[PDB]
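Take a look at the structure below.
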Protein chains: 2
Amino acid sequence: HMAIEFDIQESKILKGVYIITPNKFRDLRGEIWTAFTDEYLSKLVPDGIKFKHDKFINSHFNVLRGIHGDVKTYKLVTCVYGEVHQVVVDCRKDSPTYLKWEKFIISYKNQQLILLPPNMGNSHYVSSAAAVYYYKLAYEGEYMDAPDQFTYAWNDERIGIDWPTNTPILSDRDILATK
Amino acid sequence: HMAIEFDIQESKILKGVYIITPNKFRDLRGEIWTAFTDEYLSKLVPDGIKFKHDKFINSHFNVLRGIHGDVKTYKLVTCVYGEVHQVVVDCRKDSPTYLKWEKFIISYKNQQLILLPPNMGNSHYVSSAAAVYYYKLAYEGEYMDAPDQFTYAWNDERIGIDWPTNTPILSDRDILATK
Ligand SMILES: Nc1nc2c(ncn2[C@@H]2O[C@H](COP(=O)(O)OP(=O)(O)O[C@H]3O[C@@H]([C@H](O)CO)[C@H](O)[C@@H](O)[C@@H]3O)[C@@H](O)[C@H]2O)c(=O)[nH]1
Ligand SMILES: Nc1nc2c(ncn2[C@@H]2O[C@H](COP(=O)(O)OP(=O)(O)O[C@H]3O[C@@H]([C@H](O)CO)[C@H](O)[C@@H](O)[C@@H]3O)[C@@H](O)[C@H]2O)c(=O)[nH]1
């Protein structure tokens, strides 16, 4: 049988961003795979800080969500249906790579989970008809909702993300940040 | 801004099976929702038994997986893409409802998360073109893989489940159960 395996490597662009590739069992039915075990992936986050919250974000084609982060939250993110351009921005003002970025195109053929430490910009664009984005959160205290998060404009010129469109679907939050 | 909520109901058919319905933030982009927090949902399993394992199962139209269980795993399951016929079977030998079953028809339009204690039969049938099934596991010690699990035939006449097909796509494991 297959053991649960995770390939783990750090980004060559953004210090403290990890790229995790699970193995999969494939057969005539489809696929089974493990996104997370405490035993293997709890080490991606400091001791005392627990993955205690799981979310799904379901978005249509051409939706762009971002760029969003908060001071508290370690994020393990992936796309479990469809295809997203996942873009991590370095939003640590102290970092020598502040406002550098790296793209992961996550889909049926590239199943990566991306580990974001706090003070990072998270963003994704939906290149498939629809996308199911899976989002694990590790944080102390209460959930950091939108009023406690920071926002950079998806198209901030200082960041210069290569997006597949100039005309994404945006929430009012993400529109407001472009002005 | 929305507070995270869970409607938590006990099954009227199978004691110790709970139906958890999250609320969702719906906007022009699609939806955002919480499947799990340690706070709200750790109280539905014994003290010292932790949800520590996250699985995704992607299946084609007409796949049936089941009926499967093991002696120690608590399971939280839903369908996050497409639609499944989710069937829980009471496989607790001493239970008054042994081999009774209950069906749920789960999709983003009916976002039920089903909590199964150990010694239950879990099964799903994909009625959509494809489905993604999200599976969270609470257990002590090591994972019970297929060889450490039990199996009941999907079409076992003592259970008598109504399925929308006589010709599901099955693993050799699930065909073997029908002999
Ligand atoms: N019922 C329910 N409602 C929820 C939930 N989460 C947020 N909400 C509500 O959704 C609304 C929109 O919340 P937003 O946080 O602005 O949604 P958003 O999807 O635009 O932003 C999200 O973007 C992510 C990335 O940038 C893209 O992958 C960030 O990782 C994440 O931290 C951020 O929350 C708010 O009103 C909030 O209170 C939830 O889990 N349940
Ligand atoms: N790489 C990787 N491989 C995994 C994994 N899980 C199982 N496998 C392997 O997939 C193969 C098939 O595993 P099975 O356990 O028979 O898959 P299955 O999808 O037929 O069975 C599953 O069915 C569920 C319900 O009945 C339907 O929702 C049960 O609740 C669940 O406990 C059971 O494992 C085995 O070789 C196993 O070692 C995994 O997480 N990663």
Side-chain angles (χ1 to χ4, degrees), chain A residues 2 21-36 54-63 77-86 104-113 124-135, chain B residues 22 24 29-33 35 54-68 75-88 103-114 122-136 146 154 161-175:
Chain A
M2 315 183 79
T21 312
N23 64 347
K24 302 198 173 180
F25 177 82
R26 309 182 185 277
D27 74 346
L28 81 173
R29 296 175 299 169
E31 309 88 46
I32 313 167
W33 57 277
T34 296
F36 180 90
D54 304 296
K55 301 184 62 170
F56 289 99
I57 303 84
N58 299 330
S59 309
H60 316 311
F61 176 63
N62 196 43
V63 165
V77 301
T78 202
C79 175
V80 301
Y81 203 78
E83 180 183 83
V84 304
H85 298 216
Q86 165 58 47
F104 317 80
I105 304 192
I106 304 171
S107 82
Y108 86 93
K109 61 184 170 66
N110 173 40
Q111 195 73 67
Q112 291 168 341
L113 306 106
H124 82 271
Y125 174 82
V126 176
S127 54
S128 62
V132 177
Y133 186 91
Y134 175 61
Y135 168 30
Chain B
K24 306 190 168 186
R29 298 172 295 171
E31 47 184 48
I32 306 160
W33 60 273
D54 305 289
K55 298 193 66 166
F56 290 94
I57 302 82
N58 284 34
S59 315
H60 308 288
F61 177 56
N62 194 46
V63 167
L64 202 165
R65 297 177 183 257
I67 301 162
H68 307 148
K75 314 182 164 166
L76 186 63
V77 291
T78 194
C79 171
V80 295
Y81 181 84
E83 191 175 60
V84 304
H85 296 217
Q86 161 71 33
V87 180
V88 181
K103 181 182 303 199
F104 309 99
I105 303 173
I106 307 186
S107 76
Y108 84 96
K109 240 93 170 263
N110 182 33
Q111 201 68 74
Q112 296 177 320
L113 299 113
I114 313 297
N122 192 33
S123 65
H124 73 269
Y125 174 79
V126 185
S127 52
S128 53
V132 180
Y133 191 88
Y134 172 58
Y135 173 34
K136 292 196 64 81
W154 70 281
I161 292 152
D162 310 314
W163 296 107
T165 183
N166 55 4
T167 61
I169 306 166
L170 297 170
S171 62
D172 289 343
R173 174 193 181 173
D174 287 347
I175 296 164

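Values below: every heavy atom of this structure, side chains too, minus hydrogens, waters and symmetry copies. Order of the sequence lines sets the chain letters (A, B, ...), proteins ahead of strands, with each chain counted from 1.
Considering all non-hydrogen atoms of both residues, B/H60 and A/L28 come closest at CD2-O, 3.3 Å. The minimum heavy-atom distance between A/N110 and A/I105, with the atom names listed, is ND2-O, 2.8 Å. Between B/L76 and B/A35 the shortest heavy-atom distance is CD2-O, 3.9 Å. Taking both residues in full, the closest heavy atoms of B/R29 and A/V63 are given as O-CG2, 3.7 Å, listed atom of the first, atom of the second, then distance.
Between B/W163 and B/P168 the shortest side-chain heavy-atom distance does not fall below 4.5 Å. For the pair B/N122 and B/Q86, the minimum side-chain heavy-atom distance is below 4.5 Å. Looking only at side-chain heavy atoms (C-beta outward), A/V80 and A/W33 come within less than 4.5 Å of each other.
In this structure a side-chain-to-backbone donor-acceptor pair under 3.5 Å is missing from A/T34 to A/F36.
For B/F61, the side-chain contact (heavy atoms from CB on, under 4.5 Å) partners two or more places apart in sequence, or in a different chain, are B/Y125. For B/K136, the salt bridge (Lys or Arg N to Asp or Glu O under 4.0 Å) partners two or more places apart in sequence, or in a different chain, are A/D54, B/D54. Every residue two or more places apart in sequence or in another chain was checked for a side chain to side chain donor-acceptor pair (under 3.5 Å) with B/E83, and none qualifies. Residues passing the side chain to side chain donor-acceptor pair (under 3.5 Å) test with A/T78 are A/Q111, sequence neighbours excluded. Applying the side chain to side chain donor-acceptor pair (under 3.5 Å) criterion to B/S123, with sequence neighbours excluded, gives no partner residue. With sequence neighbours left out, the side chain to side chain donor-acceptor pair (under 3.5 Å) criterion links B/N58 to no other residue.
Considering OG1 of A/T21 and CG of A/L113, their distance stands at 8.0 Å, rounded to 0.5 Å. Rounded to the nearest 0.5 angstrom, B/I57 CD1 and B/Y135 OH are separated by 7.5 Å. The OG atom of A/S128 sits 8.5 Å away from atom OH of A/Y81, with the distance rounded to the nearest 0.5 Å. With values rounded to the nearest 0.5 angstrom, B/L64 atom CG is found 11.0 Å from B/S127 atom OG.
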query: Can B/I114 and B/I106 be said to form a side chain to side chain contact (heavy atoms under 4.5 Å, CB included), step by step?
result: CA-CA 10 Å; B/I114 313 297; B/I106 307 186; 3.9 Å; yes

- request: Give the C-alpha distance, both sets of side-chain angles, the deciding distance and a yes or no for side chain to side chain contact (heavy atoms under 4.5 Å, CB included) between A/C79 and A/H124.
  value: CA-CA 10 Å; A/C79 175; A/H124 82 271; over 6 Å; no

- request: For the pair B/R65 and A/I32, evaluate side chain to side chain contact (heavy atoms under 4.5 Å, CB included) and give the outcome as yes or no after the intermediate values.
  value: CA-CA 11 Å; B/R65 297 177 183 257; A/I32 313 167; 3.5 Å; yes

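In the displayed structure, B/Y108 atom OH is contacted under 6.0 Å by at most 12 heavy atoms of other residues, nucleotides or ligands.
The distance between the ring centers of B/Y133 and B/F56 does not fall below 6.0 angstrom.
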